[PDB]
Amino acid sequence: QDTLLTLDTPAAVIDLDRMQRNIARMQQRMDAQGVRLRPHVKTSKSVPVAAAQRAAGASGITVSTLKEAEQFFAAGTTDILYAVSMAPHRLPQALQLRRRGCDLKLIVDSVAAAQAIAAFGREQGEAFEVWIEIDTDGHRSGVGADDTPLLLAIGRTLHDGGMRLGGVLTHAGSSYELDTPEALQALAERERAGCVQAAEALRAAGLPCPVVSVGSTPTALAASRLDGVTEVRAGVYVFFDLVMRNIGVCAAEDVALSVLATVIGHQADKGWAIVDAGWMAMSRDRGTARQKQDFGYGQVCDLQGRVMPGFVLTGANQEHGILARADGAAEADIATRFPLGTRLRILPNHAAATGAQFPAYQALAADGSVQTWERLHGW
């Protein structure tokens, strides 16, 4: 039996009970709202994590790279949305996946990218399914929600060009800057309204738009109503993290991903315990620094997963993390509290960034045993 006492450190540990609670909470909310859940696997890139999301009721997946679409298709998942503005040079890759039987959907937000897809699709005999990305909050990519002329020009380029105009999507990722239920509820409504308005504008122009897809984890969990929406995309919620805790959509005790670390030394005068989880284990993500509670490079928990308020990783080098008091004081006799060899678990600022540092997760069962769940690295 591998267990938390036998693993080498650092290790990325998924508490499966916490993961299952998070999976149930999101699926039950999307059912309450009358929409499908299309989880975004870029958080975990792991076949068994996505399998648990599908078993609870999810419908298809969202991926952030074509490498994830290859991985998940090779595992039997065919309903795949690649939710990053399509690069024309990746069209041969996308064509090969569709010819193989993957129902791979692409997105675009410009006439030039829509023309490149439709021209290549006609040449190769492929009616690509393409969704139009809508910018509903100024966060990133997308056609402005009131830019009707651009929306229609892209829609007619796809539809008149022989492609399948499959829907519109938006991602209100500016939700990550918010931290009150009122602000999140309001942004969720702006995301819903803007995505529904773009669908209605396509329809009113006689163009097909069967899918309306919205979501980020915080807006998924905050939306009061989702009229007009057919699916919500969310991914980080499967594990949560401290940035999500600060946004206010979970508690620290809901975070299912932690990094198992061993105490390898101390600086007694400074009240530091040095652990073997540095920034190569945690990642350089410091999202909580700009939030109302800064957790440094992570929140310390004991080996049982009990949060230890007031101890965080105040600093990190590549393979060394510095555990110390959040209150700035030099904990007296730090080595007496955390002897050499003590194992601790660190909750991450950002679950997708920390998970991508590891070749695999250690999925922790109720009996204390672990099973290794590989995940994807690279492109």
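Residues carry their position along the shown sequence, with the first being 1.
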| query | finding |
| --- | --- |
| 11-19 or 364-372, whichever carries the higher mean Cα B-factor | 364-372 |
| 267-275 set against 106-114, stretch whose average Cα temperature factor tops the other in the entry | 106-114 |
| Options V259, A198, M280, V300 - largest CA temperature factor per the record | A198 |
| Most elevated Cα B-factor in the entry, residues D294, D79, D227, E133 | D227 |
| Cα B factor band for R29 (lowest, middle or highest third within the chain) | highest |
| Third of chain Cα B-factors occupied by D254 | middle |
| Assigned third (lowest, middle, highest) for the C-alpha B factor of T336 | highest |
| Chain-wide C-alpha B factor ranking for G310, given as lowest, middle or highest third | middle |
| Relative C-alpha B-factor of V84, binned into the chain's lowest, middle or highest third | middle |
